[PDB]
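In the block that follows, a single chain appears as structure tokens, in the form deposited in one PDB entry.
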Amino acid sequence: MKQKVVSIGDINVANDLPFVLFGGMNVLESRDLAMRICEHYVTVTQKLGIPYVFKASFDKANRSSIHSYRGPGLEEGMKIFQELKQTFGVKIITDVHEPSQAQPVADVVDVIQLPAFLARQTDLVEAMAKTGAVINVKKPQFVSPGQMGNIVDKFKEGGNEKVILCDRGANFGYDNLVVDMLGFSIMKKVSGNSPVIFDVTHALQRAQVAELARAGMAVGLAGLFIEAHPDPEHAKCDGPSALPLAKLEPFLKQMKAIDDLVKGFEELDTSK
């Protein structure tokens, strides 16, 4: 059984291919920051030899208080990815929230993204189904790994057949998430074997980002989604749990050593 490949330009994402990193930051605070962050990634990846798709959000739909930092905005956010593309030559992956934002961003960026909270939103999906651009469905925390068929189906119909599934853990009691390492295969299966990626930073609402990233990779994955910040501490807020830039490399060496050791194993059948 072969894996479905979903190519993002020259990059080919797929469950049996070496993992692709969809690194980056959470929100686009300031280009001086984006630029620095994305600068460090590019360098680290390039050096270690890892495909990459810088990720960042230009909009914040579910923030605290109305009087909060919405975000650059779609019209000002998009202009930033512009500069980063030229200056660095990397792919941009961003999340849309309203059915109208679909097409605009589709041009500007390589891989768009569907938020879990909305995963189940026909109008927004169909609008993304149009564009035809690479789709990344974030697996909602309140949905089992085997329900990811209808989501991919609802995209096939929309004329879009380039989809990646992102897992970020599941609810474990109140205010808590646990990642089911068995959920990754159950997702490959029901999705025609589409690419499955692990959003480690977002599955961790710590000095834990590593042990948890190793377990994910050892399973064998198409990719890995993560976020980092120059100063996690002071800047700490809530939602995800960013990785410390200065640790990117020794952390990515961890993955490769795993993603390679495992990515080249003789198929095993514990089934019989």
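Residues that one form lacks are left out of the comparison. Throughout, rigid core stands for the largest set of C-alpha atoms superposing within 1.5 Å between the two forms. Numbering starts at 1 and runs along the sequence shown.
- According to the PDB entry, the deposited sequence contains 10 or more residues between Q205 and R206 that lack coordinates.
Omitted from view is the form deposited in another entry, to which the following refers.
- Once both forms are fitted on their rigid core, the CA atom of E211 lies less than 2 Å apart between the shown form and the other one.
- A displacement of less than 2 angstroms separates the C-alpha positions of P244 between the shown form and the other one, with the rigid core held in common.
- Superposition on the rigid core between the shown form and the other one places the CA atom of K47 less than 2 Å from its counterpart.
- Compared with the form shown here, the Cα atoms of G169 and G239 sit 3 Å or more farther apart in that other deposited form.
- Here's the thing about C38 and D238: their CA atoms end up at least 3 Å closer in that other deposited form than they are in this form.
- Regions where at least three consecutive shared residues each shift by 2 Å or more at the C-alpha between the shown form and the other one, after core superposition, reduce to one span, 233 to 240.
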